[PDB]
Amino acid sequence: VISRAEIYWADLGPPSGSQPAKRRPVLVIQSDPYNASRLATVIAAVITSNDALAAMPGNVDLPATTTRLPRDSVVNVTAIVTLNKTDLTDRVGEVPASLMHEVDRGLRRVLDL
């Protein structure tokens, strides 16, 4: 069972330029009706320890004490990936509603929505 705003570890694939890659935490941003459906995949935003040299308006600071990640991290709202559900076995934690609202504002900015 995968839910929006949950954080998982995921393989993002081999490196290719600045494409998301390697094993990283990811934040599920796909909505729960799709998460509960027969759809094989989930959309997520990539989390990094910081966004040094990739600092975008809309990026969101995630305190370690709020997410259960080992360190303070950042949601990179311009780094979006689609992953297989069956590959999301490694559950880390979650982002609370108040902070997820900031993530949503960032995504709306990035996608002109």
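In this text, residue numbers run from 1 along the sequence as written.
In this entry, 81-89 shows the higher mean Cα temperature factor of the pair 48-56 and 81-89.
Comparing the deposited coordinates for 23-31 and 68-76, the stretch with the larger average C-alpha B-factor is 68-76. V103: CA B factor in the lowest third of modelled residues in this chain (values from the PDB entry).
For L113, the recorded CA temperature factor ranks within the middle third of the chain's modelled residues.
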